[PDB]
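Student: Residue numbers (UniProt numbering), protein chains in the order written: chain P, 43 to 247; chain R, 43 to 247; chain G, 43 to 247. Yeah, the Cβ is synthetic: ideal placement off N, Cα and C, and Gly gets one too. So that we are looking at the same thing, I have put the structure below in structure tokens.
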Amino acid sequence: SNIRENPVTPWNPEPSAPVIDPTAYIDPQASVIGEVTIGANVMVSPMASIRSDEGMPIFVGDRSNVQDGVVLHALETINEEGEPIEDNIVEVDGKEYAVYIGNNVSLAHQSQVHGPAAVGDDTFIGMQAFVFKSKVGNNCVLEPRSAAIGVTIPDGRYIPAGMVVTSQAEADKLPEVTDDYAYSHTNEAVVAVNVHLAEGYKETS
Amino acid sequence: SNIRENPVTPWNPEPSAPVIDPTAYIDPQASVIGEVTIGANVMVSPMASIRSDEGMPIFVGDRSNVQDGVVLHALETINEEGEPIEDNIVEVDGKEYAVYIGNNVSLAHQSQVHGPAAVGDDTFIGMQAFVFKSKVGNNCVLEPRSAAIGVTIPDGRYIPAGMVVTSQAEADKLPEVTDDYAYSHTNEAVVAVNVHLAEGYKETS
Amino acid sequence: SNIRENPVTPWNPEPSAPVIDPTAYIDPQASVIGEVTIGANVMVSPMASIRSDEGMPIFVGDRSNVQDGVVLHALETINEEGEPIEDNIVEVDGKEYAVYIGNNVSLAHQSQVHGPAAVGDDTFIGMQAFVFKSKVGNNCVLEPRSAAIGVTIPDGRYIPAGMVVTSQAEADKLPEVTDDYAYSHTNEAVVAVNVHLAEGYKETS
Ligand SMILES: [Fe+3]
Ligand SMILES: [Zn+2]
Ligand SMILES: [Zn+2]
Ligand SMILES: [Zn+2]
Numbered sequence: 043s044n045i046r047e048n049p050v051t052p053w054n055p056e057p058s059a060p061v062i063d064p065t066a067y068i069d070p071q072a073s074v075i076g077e078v079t080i081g082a083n084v085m086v087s088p089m090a091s092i093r094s095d096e097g098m099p100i101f102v103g104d105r106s107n108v109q110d111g112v113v114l115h116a117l118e119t120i121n122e123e124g125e126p127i128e129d130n131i132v133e134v135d136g137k138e139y140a141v142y143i144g145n146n147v148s149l150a151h152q153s154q155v156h157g158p159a160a161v162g163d164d165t166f167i168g169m170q171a172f173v174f175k176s177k178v179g180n181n182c183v184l185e186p187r188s189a190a191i192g193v194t195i196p197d198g199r200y201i202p203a204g205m206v207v208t209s210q211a212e213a214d215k216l217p218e219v220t221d222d223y224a225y226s227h228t229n230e231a232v233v234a235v236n237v238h239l240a241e242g243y244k245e246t247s
Numbered sequence: 043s044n045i046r047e048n049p050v051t052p053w054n055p056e057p058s059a060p061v062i063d064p065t066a067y068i069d070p071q072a073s074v075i076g077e078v079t080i081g082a083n084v085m086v087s088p089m090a091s092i093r094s095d096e097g098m099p100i101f102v103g104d105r106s107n108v109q110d111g112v113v114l115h116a117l118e119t120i121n122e123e124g125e126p127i128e129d130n131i132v133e134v135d136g137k138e139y140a141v142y143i144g145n146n147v148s149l150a151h152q153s154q155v156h157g158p159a160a161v162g163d164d165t166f167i168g169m170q171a172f173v174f175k176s177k178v179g180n181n182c183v184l185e186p187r188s189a190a191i192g193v194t195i196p197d198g199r200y201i202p203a204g205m206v207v208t209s210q211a212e213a214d215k216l217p218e219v220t221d222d223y224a225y226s227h228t229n230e231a232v233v234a235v236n237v238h239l240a241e242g243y244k245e246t247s
Numbered sequence: 043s044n045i046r047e048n049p050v051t052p053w054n055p056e057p058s059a060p061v062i063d064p065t066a067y068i069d070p071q072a073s074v075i076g077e078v079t080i081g082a083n084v085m086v087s088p089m090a091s092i093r094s095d096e097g098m099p100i101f102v103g104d105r106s107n108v109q110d111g112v113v114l115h116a117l118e119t120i121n122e123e124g125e126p127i128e129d130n131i132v133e134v135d136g137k138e139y140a141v142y143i144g145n146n147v148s149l150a151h152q153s154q155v156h157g158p159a160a161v162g163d164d165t166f167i168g169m170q171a172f173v174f175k176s177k178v179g180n181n182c183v184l185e186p187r188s189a190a191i192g193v194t195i196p197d198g199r200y201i202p203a204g205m206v207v208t209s210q211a212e213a214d215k216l217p218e219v220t221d222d223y224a225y226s227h228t229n230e231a232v233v234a235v236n237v238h239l240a241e242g243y244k245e246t247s
């Protein structure tokens, strides 16, 4: 089966199975393993791998999409001594996650978000982009091949294609999304399309 | 099944199934969905995803190869009002495509071509490279980790490893493939090998 | 089947099947094809592709891990005339390989090692990183999105995130891993975790 429980390990005494909204579409060639919550109208495309086997949840909010070849995984959040590793946990609205993906977020083909990480609502994570040990605000755009490592990206900023942002000083000076910016409407178009695709694929299963 | 029709959606009243030449080899762990044409002696490797579900065809010419983990997909080419989005369509020899891959083209492991895009004959798209909203000429080489976004790459040029080309002024000044260039014969060697691999894999099915 | 022989071709008269230690865990959604040796306690994750069909072995040492979406493949090592192509072969401890991955090595999500290549013991190859025509020493760290092409990386060095190293002069001046370096203990933590994951996943099969 492509939707599976995680295994018993020293930090995981009890396997967890994914909680998937009935309106989500999970492609038969995607893999979803472990403590994962997937929200309404989410599309998970072929060859995506969402794997939550190192403790604590990976959450994917409503009307988000996880495109072909995308990987979601996270660093260990509970050591063998049962103790939570606080550095590897993100907090969003009073709850703890290994990876938090907000609502209306697009994770475009071959991108990767690796916990600890949070991605705010209405954000586009571009093709082949990378997010690790970072919090990405709402209404952001990571252009294709950009990366954010170890930083907080403020709401409404974009990272130009190919740029790798590793310092908070850099992240603080990223340009703003404006109406004339080439990717300012990309995420809303992509979300609308993928919500329709998920419904159409559901009608084939 | 790993070869599948695309779904019914507002822009796609009738599902299309892939048209695949009998001499092509499609790995059982690849995915090919929707309005896709695959030519003679093409090799499609494990974990590749070719997905044509947003309108108009993805074409892969004869003796081309689509290696492990490669993604082909395209932006919407027909809006919900049935109207063609001309910005998202490429024209090659009087025909319209969402993605056009020419003959004898190598899409090497983990690369991605995202429509609208065209790739001319005898071109090598290197490992992890990225092509989006671009036309790449014939006899070109994209070295590993290069990218072409929003540009036209003239015939016979190469992009050095890791370079991300986003402006036409940059693309116009790319170096030429010459006989002493390290990748000048790479594509022809790779094409010959993959044509033989496709035949050998066909004999195992 | 996801574990398969390679095909008969002009350079490969006899198919080879993978040799896999009984304590290794190969995910059902990974692909392993051809002349491949996988050592003890190795974890091979969903969507990884290890493909040895162009001659000579791909070796993955004990307690190594091959994470989601990783690709291992190699250039042709035997031409159609039966003659070994020495440029495309690496030698490690008196034996020849197309790709050699040492013991306790982590190939993190979406990375790729393409032969000819060798990766020494206790080395971390970071997320989305790329190694091709290179020898990477022991105790090295390739940070996410780094790449080494055509070079030898000395023992105990790291490549900063996003850096693409293509010249030996560059590789010779890479910084050293020290105890205060952010990734100095990452590989040992990741190896220990993955050895435990492999055992837990084995208990589900
Ligand atoms: Fe797969
Ligand atoms: Zn991970
Ligand atoms: Zn797409
Ligand atoms: Zn290859």
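Using a threshold of 6 Å, is the CB atom of P:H115 nearer than that to any non-hydrogen atom of ligand 4?
Tutor: No, ligand 4 has no heavy atom inside 6 Å of this Cβ.
Student: List the residues that DSSP assigns as beta-bridge partners of R:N107.
Tutor: In DSSP, R:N107 forms a bridge with R:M85, R:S148.
Student: Taking Cβ positions, are R:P186 and R:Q170 nearer each other than 7 Å?
Tutor: Contact: yes.
Student: Anything in chain P within Cβ reach of R:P52, meaning under 7 Å, just list it in chain order.
Tutor: Result: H238.
Student: Rounded to the nearest angstrom, what separates R:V155 and G:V112 at their Cα positions?
Tutor: Near 19 Å, if we compare the C-alpha coordinates of G:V112 and R:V155.
Student: Note down, in chain order, every chain R residue with its Cβ under 8 Å from the Cβ of P:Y243.
Tutor: What P:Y243 touches in chain R: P49.
Student: At least one CB of chain R closer than 7 Å to the CB of P:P55: is that the case?
Tutor: No, its Cβ sits nowhere closer than 7 Å to a Cβ of chain R.
Student: Could you tell me how far apart the beta carbons of residue 248 of chain G and G:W53 are, in whole angstroms, since I believe they sit closer than 8 Å?
Tutor: No information on residue 248 of chain G is available, as it lies outside the stretch 43 to 247 that chain G covers here.
Student: Just to confirm, does R:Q210 get its C-beta within under 6 Å of one of the non-hydrogen atoms of ligand 1?
Tutor: R:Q210 Cβ: outside cutoff for every heavy atom of ligand 1.
Student: Report whether the distance from the Cβ of P:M89 to the nearest heavy atom of ligand 1 is below 6 Å.
Tutor: Yes, since a heavy atom of ligand 1 falls inside the 6 Å radius drawn around the Cβ of P:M89.
Student: Compute the Euclidean distance between the alpha carbons of R:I143 and R:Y243, then round it to the nearest angstrom.
Tutor: Each residue's Cα considered, the two are about 22 Å apart.
Student: Flag P:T208 as yes if its beta-carbon sits less than 7 Å from any beta-carbon of chain G, otherwise no.
Tutor: Judged by the 7 Å Cβ criterion, P:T208 is in contact with chain G.
Student: What are the residues of the segment 182 to 210 of chain G that lie near chain R, defined by any Cβ-Cβ distance shorter than 7 Å?
Tutor: Those would be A189, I191, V206, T208, in chain order.
Student: Take every Cβ of the segment 67 to 78 of chain G, pair it with every Cβ of the segment 124 to 138 of chain G, and state whether three or more of those distances are shorter than 8 Å.
Tutor: The answer is no - the segment 124 to 138 of chain G does not touch the segment 67 to 78 of chain G, with fewer than three Cβ pairs under 8 Å.
Student: Of all the options R:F172, R:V141, R:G162, which has the alpha carbon lying nearest to the alpha carbon of R:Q152?
Tutor: It is R:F172.
Student: Just to confirm before moving on: does the CB-CB distance between P:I80 and P:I62 stay below 7 Å?
Tutor: Yes, these two residues count as a Cβ contact at 7 Å.
Student: Is the shortest distance between the beta-carbon of R:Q71 and the beta-carbons of chain G less than 7 Å?
Tutor: Chain G contact via Cβ: present.
Student: Relative to chain G, which residues along the segment 92 to 125 of chain P have a C-beta separation below 7 Å, given in chain order?
Tutor: Against chain G - using a Cβ distance shorter than 7 Å - the residues of the segment 92 to 125 of chain P are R93, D95, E96, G111, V113, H115, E118.
Student: Would R:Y223 be called buried (16 or more neighbouring beta carbons within 10 Å of its own) or exposed?
Tutor: When all chains shown are included, R:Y223 counts as exposed.
Student: Taking CB distances under 7 Å as the criterion, tell me whether P:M89 reaches chain G.
Tutor: Closer than 7 Å to some Cβ of chain G, the Cβ of P:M89 qualifies, so yes.
Student: Terminal residues of the continuous beta strand (DSSP E) containing G:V161?
Tutor: First-last of the beta strand (DSSP E) with G:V161: 154 to 161.
Student: Within 7 Å of any Cβ in chain R, is that where the Cβ of P:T228 sits?
Tutor: Output row for P:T228: interface = no.
Student: Could you spell out where the alpha helix (DSSP H) holding R:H238 opens and where it closes?
Tutor: First-last of the alpha helix (DSSP H) with R:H238: 228 to 244.
Student: When burial is assigned at 16 or more other CB atoms within 10 Å of the CB, is G:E230 buried or exposed?
Tutor: G:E230 is exposed by the Cβ-count criterion.
Student: For chain P, find out if any of its Cβ atoms is closer than 7 Å to the Cβ of G:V235; answer yes or no.
Tutor: Output row for G:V235: interface = yes.
Student: What does R:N44 touch in chain P if you count any residue whose Cβ is under 8 Å from its own?
Tutor: What R:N44 touches in chain P: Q71.
Student: By the three-class DSSP mapping on this structure, what secondary structure does P:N130 have?
Tutor: The answer is helix: DSSP assigns P:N130 an H, G or I state.
Student: Compile a chain-ordered list of the residues in the segment 157 to 176 of chain P whose CB is closer than 8 Å to at least one CB of chain R.
Tutor: Listed by position along the chain: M169, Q170.
Student: With a cut-off of 7 Å, does the C-beta of G:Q154 fall near any C-beta of chain P?
Tutor: Not an interface residue.
Student: For R:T246, which residues in chain B fall below 7 Å Cβ to Cβ?
Tutor: No chain B is part of this structure, whose protein chains are labelled P, R and G.
Student: Mark P:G136 as exposed unless 16 or more other C-beta atoms lie within 10 angstroms of its C-beta, in which case mark it buried.
Tutor: Exposed: under 16 other Cβ atoms inside 10 Å.
Student: Do R:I45 and R:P57 count as a contact pair if the criterion is CB distance below 7 Å?
Tutor: Their beta carbons are not under 7 Å apart, which means R:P57 does not touch R:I45 by this criterion.
Student: How long is the line joining the alpha carbons of G:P202 and G:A190, rounded to whole angstroms?
Tutor: Looking at the two C-alpha atoms, the distance is approximately 11 Å.
Student: Alpha carbon to alpha carbon, what distance is there between P:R93 and G:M89?
Tutor: Taking the straight line joining both Cα atoms gives about 11 Å.
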